[PDB]
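Heads up, the thing below is written out as structure tokens.
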Amino acid sequence: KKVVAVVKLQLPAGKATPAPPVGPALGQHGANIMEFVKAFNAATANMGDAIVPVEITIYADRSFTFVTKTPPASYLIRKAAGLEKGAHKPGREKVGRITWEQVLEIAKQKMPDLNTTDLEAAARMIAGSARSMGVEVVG
Amino acid sequence: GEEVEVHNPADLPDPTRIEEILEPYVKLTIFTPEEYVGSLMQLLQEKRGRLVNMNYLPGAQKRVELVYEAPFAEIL
Amino acid sequence: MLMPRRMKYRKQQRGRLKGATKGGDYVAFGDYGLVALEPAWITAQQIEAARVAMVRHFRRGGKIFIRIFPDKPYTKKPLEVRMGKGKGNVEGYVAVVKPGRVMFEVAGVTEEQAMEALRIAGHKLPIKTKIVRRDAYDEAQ
RNA sequence: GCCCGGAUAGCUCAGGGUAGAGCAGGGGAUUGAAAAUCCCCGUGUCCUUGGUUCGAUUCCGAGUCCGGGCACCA
Ligand SMILES: [Mg+2]
Ligand SMILES: [Mg+2]
Ligand SMILES: [Mg+2]
Ligand SMILES: [Mg+2]
Ligand SMILES: [Mg+2]
Ligand SMILES: [Mg+2]
């Protein structure tokens, strides 16, 4: 019997077990804890892994309800050319490298999130996550 | 093998040939009311206790139970 | 801190401090400069403290031009000593600065960085100072 | 604080193209087995942190410190 809190947070598609913040915020709750695990780590597993939050609503008789999306543009770029950091010292650091259309696929998945249904404004989008880890756009 | 640096930190075995010094830890459970939790965790952090577990006993609404593994010497 | 590597003479007379500076009056290497408004013997320890202060301010980036050099030796009698028995020992070096002289210049640095580094650096010197920005007038010199 | 320097292995230390030696150890050779002697082998996060370089123990900062100078210090 907990109130009707509007559950905006920030969680990850995969990293999913009742260690904080799974507990503090979802204290005002009563839901099946290992469901953001279960359904979310499975049905949106085609892309890979990584971070996507989750929007639940609690109702007093212990009711859950949640929807989610896509691992972060900084993951969909870690499979790209083999990164698991950035390049520490970019702005000149050209570790991994991608083509103007090997960075046209990556918005096939995060397309429904911005406002750009144009994969040009959604290309330079995910290709902006490039620079803040240093992977280039060739010629 | 193993033995205990007893009532004398000076009377060690020779830290030449040494590989593991062992603290006593303890299973530490904290029944706080509400989100004094925020305070509590900062306290247990500097006391170097690992957070293992937490569980809400709901009803109203405060009540939280925290479990910690913490070095025995860091209480006392 | 700076001192000459070798000298023809160890001790030299005090001299006067008259006139505007003879040269070094226009920004010559950087974008901004700190210019003296009053004459003084600026000591090496002072120069070093001004340099470091601006360095610290440019922890990543920047060029610092130090355009005054302490070539005048500074003499002081030993303490508690009567007058006479010869001229004191060299205990340091100073640079003679007359008004109008450009003492430090910074480059490669945003305007705000430049006028803040020079402002601190002024606070380290025994003289009033003015911060200046490379002009067409420097270019004409 | 200051001038000179000086922090490199468990310890005492040599020194702009990733640094060793004595020593302590552990093991081994020698012995019947030791002691002495000798061989073999490490973790160096080159004191900590930041920057400089394609390359830093080295250079620039800062921090804490060690040995000598001044100075405070019935
Ligand atoms: Mg003076
Ligand atoms: Mg004099
Ligand atoms: Mg006299
Ligand atoms: Mg004198
Ligand atoms: Mg002044
Ligand atoms: Mg007395």
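Lettering follows sequence order; numbering is per chain, from 1. We use all heavy atoms of the structure for the numbers below, so side chains are in, but hydrogens, waters and symmetry mates are not.
- If you check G42(D) for Watson-Crick or wobble pairing at under 3.5 angstrom, you find it has no partner at all.
- Nucleotide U45(D) carries a south sugar pucker, as its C1'-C2'-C3'-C4' torsion angle is negative.
- Here, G63(D) and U45(D) have their P atoms 24 Å apart, quoted to the whole Å.
- Taking atom CE on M54(C) and atom P on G51(D), their separation rounds to 23 Å, with Å as the unit.
- Remark: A50(A) engages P71(A), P72(A), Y75(A), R78(A) in a side-chain contact (heavy atoms from CB on, under 4.5 Å) (not counting sequence neighbours).
- The bases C23(D) and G10(D) are paired, Watson-Crick or G-U wobble, with both atom distances under 3.5 Å.
- Residue-environment remark: CD (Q141(C)) exceeds the threshold of 12 foreign heavy atoms within 6.0 Å.
- When the P atom is used for both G15(D) and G5(D), the distance is 15 Å, rounded to whole Å.
- For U57(D), the base adopts the anti conformation, since its glycosidic angle falls more than 90 degrees from zero.
- Residues in residues 38-56 of chain B take part in these salt bridge (charged side-chain N to carboxylate O under 4.0 Å, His left out) pairs, two or more places apart or across chains: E23(B)-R48(B), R48(B)-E74(B), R50(B)-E69(B).
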For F58(C) and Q113(C), run side chain to side chain contact (heavy atoms under 4.5 Å, CB included): C-alpha distance rounded to whole Å, both residues' side-chain angles, the deciding distance at 0.1 Å, then the answer.
-> CA-CA 8 Å; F58(C) 302 167; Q113(C) 270 148 26; 4.2 Å; yes
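- No stacking contact links strand neighbours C46(D) and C47(D) by the limits of base ring centres under 5.5 angstrom apart and planes under 30 degrees.
- Between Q46(C) atom CD and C2(D) atom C1' the separation is 16 Å, expressed in whole Å.
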Using the 3.5 Å cut-off, write out each protein N or O paired with an N or O of nucleotides 60-64 of chain D and the distance between them.
{"unit_1": "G61(D)", "atom_1": "OP2", "unit_2": "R51(C)", "atom_2": "NH2", "d": "3.3"}
{"unit_1": "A62(D)", "atom_1": "OP1", "unit_2": "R56(C)", "atom_2": "NH1", "d": "2.8"}
{"unit_1": "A62(D)", "atom_1": "OP1", "unit_2": "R56(C)", "atom_2": "NH2", "d": "2.5"}

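- Rounded to a whole Å, the CD atom of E20(B) is 17 Å from the P atom of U43(D).
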Report each atom pair, protein N/O against N/O of nucleotides 24-26 of chain D, whose distance is under 3.5 angstrom.
none

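- Separation of the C1' atoms belonging to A74(D) and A7(D) is 37 Å when rounded to the nearest angstrom.
- For the pair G68(D) and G69(D), the rule of 5.5 Å between ring centres and 30° between base planes classifies them as not stacked.
- The six-membered rings of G16(D) and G17(D) are unstacked by the 5.5 Å centre and 30° plane criterion.
- South puckering is assigned to the sugar ring of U43(D), since its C1'-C2'-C3'-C4' angle is below zero.
- For the pair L12(B) CG and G10(D) P, the interatomic distance rounds to 16 Å; values are reported in whole Å.
- Straight-line distance from the CD1 atom of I18(B) to the P atom of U43(D): 19 Å, rounded to whole Å.
- Taking atom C1' in both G6(D) and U48(D), the straight-line distance is 16 Å, to the nearest Å.
- One P atom belongs to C66(D), the other to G50(D), and the distance between them is 24 Å to the nearest Å.
- Going by the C1'-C2'-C3'-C4' torsion, the sugar of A7(D) sits on the south side, since that angle is negative.
- For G5(D), the ring torsion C1'-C2'-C3'-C4' comes out negative, which puts the sugar in the south group.
- In this structure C72(D) sits in no base pair that meets the Watson-Crick or G-U test at under 3.5 Å.
- On the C1' atoms, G10(D) is 7 Å away from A24(D), given to the nearest whole Å.
- Residues satisfying the side-chain contact (heavy atoms from CB on, under 4.5 Å) test with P99(C), not counting sequence neighbours, are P39(C).
- Rounded to a whole angstrom, the distance from the P atom of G55(D) to that of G17(D) is 14 Å.
- Sugar puckers are classed by the sign of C1'-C2'-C3'-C4'; that of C46(D) comes out south, on the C2'-endo side.
- Dense packing is recorded around CZ of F69(C), with more than 12 heavy atoms of other residues, nucleotides or ligands lying under 6.0 Å away.
- In this structure, NZ on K87(C) lies 7.5 Å from CD on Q13(C), to the nearest 0.5 angstrom.
- Evaluation of the side-chain contact (heavy atoms from CB on, under 4.5 Å) rule for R119(C) yields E116(C), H123(C), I131(C) as partners, not counting sequence neighbours.
- When the rule of centres under 5.5 Å and planes under 30° is applied to the neighbouring bases of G44(D) and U45(D), their six-membered rings do not qualify as stacked.
- Base stacking is present between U64(D) and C65(D); both the centre distance of their six-membered rings (under 5.5 Å) and the plane angle (under 30°) fall inside the limits.
- Closest-nucleotide positions on RNA chain D for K89(A) and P15(B) were compared, and the one nearer the 5' end corresponds to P15(B).
- Taking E65(B) as the reference, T29(B), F31(B), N55(B), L57(B) meet the side-chain contact (heavy atoms from CB on, under 4.5 Å) condition, with sequence neighbours excluded.
- Taking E38(C) as the reference, nothing meets the salt bridge (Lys or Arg N to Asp or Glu O under 4.0 Å) condition, with sequence neighbours excluded.
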For the pair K124(C) and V52(C), evaluate side chain to side chain contact (heavy atoms under 4.5 Å, CB included) and give the outcome as yes or no after the intermediate values.
-> CA-CA 10 Å; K124(C) 304 296 168 143; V52(C) 166; over 6 Å; no
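- Separating the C1' atom of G28(D) from that of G44(D) is a span of 25 Å, rounded to the nearest Å.
- Annotation: ring-ring contact (aromatic ring centres under 6.0 Å, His included) contacts involving residues 53-76 of chain B, sequence neighbours excluded, are absent.
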